[PDB]
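Below, each chain spelled out in residue letters.
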Amino acid sequence: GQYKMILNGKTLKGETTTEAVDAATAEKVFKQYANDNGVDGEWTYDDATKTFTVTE
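The rules behind each value
- Residues numbered from 1 in each chain as written, not as in the entry; some residues may be left out.
- Heavy atoms only, no water.
- Helix = DSSP H or I, 4+ residues; strand = E, 2+ residues; numbered from the N terminus.
- Expected span 1.5 Å × (residues − 1).
- Buried < 20%, exposed > 50% of the residue type's maximum accessible area, 1.4 Å probe, protein only.
- Arc of directions from axis to C-beta.

A. Examining helix α1 (residues 23-36) more closely. The end-to-end C-alpha distance of α1, which contains 14 residues, comes to 20 Å, matching closely the 20 Å that a straight helix rising 1.5 Å per residue would cover. Those residues of α1 that fall on the buried side of the exposure criterion are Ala26, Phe30 and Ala34. Burial along α1 is one-sided: seen end-on, the buried residues are contained in an arc of 65°. Turned more than 90 degrees off the buried face of α1, the exposed positions are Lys28, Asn35 and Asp36. Positioned one or two residues after α1, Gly38 has a phi angle of 80°, which is positive.

Keep in mind these numbers describe shape, not what the thing actually does.
This is the structure:
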């Protein structure tokens, strides 16, 4: 399924999507991406909208 991440960082903002077998897999992909791009924030996941957020 399609999962979305809203990036709400100090210096990186926007939206991305990933196709993943489940939310746990999307979480790993998105958290790795955030880490690789210097984001260090608080996370939420909404299963109704398949959307993660990370906020600094």
